[PDB]
Amino acid sequence: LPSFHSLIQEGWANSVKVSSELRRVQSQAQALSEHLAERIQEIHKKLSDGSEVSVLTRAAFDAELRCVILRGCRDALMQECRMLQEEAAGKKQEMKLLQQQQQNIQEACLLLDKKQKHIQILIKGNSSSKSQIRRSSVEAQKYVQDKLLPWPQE
Amino acid sequence: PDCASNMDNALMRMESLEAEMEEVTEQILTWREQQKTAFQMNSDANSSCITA
Amino acid sequence: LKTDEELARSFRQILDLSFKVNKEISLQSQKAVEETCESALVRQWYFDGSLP
Amino acid sequence: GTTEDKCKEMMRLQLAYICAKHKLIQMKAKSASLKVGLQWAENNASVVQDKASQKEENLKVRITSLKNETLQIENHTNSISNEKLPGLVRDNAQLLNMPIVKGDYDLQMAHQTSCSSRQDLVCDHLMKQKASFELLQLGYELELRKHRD
Amino acid sequence: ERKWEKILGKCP
């Protein structure tokens, strides 16, 4: 049975595993942000001929890029919400097995009490039986003395 | 000679179990204070953004 | 024979040091979330589910 | 105070879990967001030279339309990050206690089974004693019957 | 403790 300290250590080990994934996802988000900035700058240099139409085309590119980045954020959050919901459903089923063990523990207590009452009845019954054997011995001797022993004289 | 050879071979592994404890103590204490510099610098950084 | 006891006393304290260090960092991490999210929304996570 | 420290330690564990899991999910969302942005920028870089022939009025309308979609996606992203996500992370945090409750009931069941077996041993001994007494008692009844004949 | 008592009107 994993000691309470090993269960808390396993809980902390799982929290450390979560904190280690956070650092890995942090470094990946930084490298993707730098590579996006280089690619935006390269597209920007090819549009430099100074005219009014170049400026509007650049603003349309920046607006389409912004919309795509936000859509990717929303869809990722919805996927993590689904994963958390499945994990919570699994633990709720192990909760029902625990309720059934609690009920077996109560029925076993009632069985222990019934057996204890029967032990008391048996102890009292054996004490009575010991007393009855002693009376039966005296009754048999008294019958021999009072009823059988006189016959030879008659 | 083999008693002496095996006994020193035991003590060098006890010396090696001291060495693993003090280095792992300094790993734990190094990481404890690393984390605090990152937590501090994030408070200074976010305080600067209010100016904008 | 007392170096065995003392290795066994020492690592059973380095496990306590690790566990204690990690609570110092996790409480510091929690505090940063509770001072970057709105205190009304953090209150709705922690307390409005329990309030007479 | 030992159970209170263990409960405070479990609270610290649940609060550490909530903070770490909430930050992890926000950073996963930002990482996924940048990855889709990069893929869209690389695929559209060659197409920008040929589109220089487009009339000025159509580019203005496209920019206004994309600004309106941007605002709708921000509102939906904020609702998930501020309401649904904190709720589900908290419910999973509460269920971390289940292995401890499981370990206690298995211990209670094992203890009761041991007590029940020991009660049966005491019952069996008292019944063996009872069986010996009833044999002796029948012996006296049979003797008294022979004396009457 | 003090942060949240000051928002609940009651010790957490």
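Observations on the structure shown:
- Residue order, fewest to most surrounding Cβ atoms within 10 angstrom, among D:61, A:53: D:61, A:53
- Cα-based helix-to-principal-axis angle, B:2-49 vs chain B, degrees rounded to 10: 0 degrees
- Computed helical MRE - 222 nm, chain A, DSSP H runs ≥ 4 contributing -39500 (n - 2.57), nearest 500: -33000 deg cm²/dmol
- Inter-probe distance in nm under a simple model that places probes 7 Å from Cα toward Cβ, at residue C:15 and residue D:3: 2.5 nm
- Each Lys or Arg adds one and each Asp or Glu subtracts one; over the other residues with Cβ under 13 Å from the Cβ of residue D:109, this totals -2.
- Take the Kirkwood radius over Cα pairs of the range D:1-79, plug it into Stokes-Einstein at 4 °C and 1.567 mPa s, and you get 75 µm²/s for translational diffusion.
- Tail weight of P(r) past 42 Å, computed on alpha-carbon pairs of the protein assembly as shown, percent: 51 percent
- Label zone of residue A:17 (point 7 Å out along Cα→Cβ, amide N under 17 Å): in the range D:92-108 this covers D:92-100.
- Top positive-direction residue, dipole computed over chain C with Cβ charges, set C:3, C:42, C:29: C:3
- Here the range A:69-153 is treated as a sphere whose radius is the Kirkwood value from Cα pairs; by Stokes-Einstein at 20 °C and 1.002 mPa s it diffuses with a coefficient of 103 µm²/s.
- Rg(Cα)/(2.2 N^0.38 Å) for chain A, N = residue count: 3.01
- Expressed in units of 2.2 N^0.38 Å, where N is the residue count, the Cα radius of gyration of the range A:14-54 is 2.02.
- Within straight-line reach of residue A:91, meaning a Cα separation under 12 Å, sit the following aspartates and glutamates at least 8 residues removed in sequence or on another chain: D:91.
- In degrees, nearest ten, helix D:98-148 long axis to first principal axis of chain D (Cα): 10 degrees
- Shape analysis of chain D yields a ratio of the Cα radius of gyration to the Kirkwood radius, Rg/Rh, of 1.61.
- The angle separating the long axis of helix A:4-45 from the principal Cα axis of greatest extent in chain A is about 10 degrees.
- Projected-area average for chain B over all orientations - Cα convex hull basis, square nanometres: 3.7 nm²
- Just so you know, the averaged projected area of the alpha carbon convex hull for chain C sits at 5.4 nm².
- Above-threshold pairs, the threshold being 22 Å between Cα atoms, out of B:36/C:20; A:92/E:3; A:96/D:102; D:30/D:51; D:30/D:67; D:23/D:67: A:92/E:3; D:30/D:51; D:23/D:67
- With R₀ set to 35 Å, the beta-carbon distance separating residue B:37 from residue D:45 gives a calculated FRET efficiency near 0.30.
FYI, it's all coordinate maths here, none of it is from the lab. When we count neighbours, we look across all protein chains shown, and the Cβ atoms used for this are built from the backbone with ideal geometry, even at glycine.
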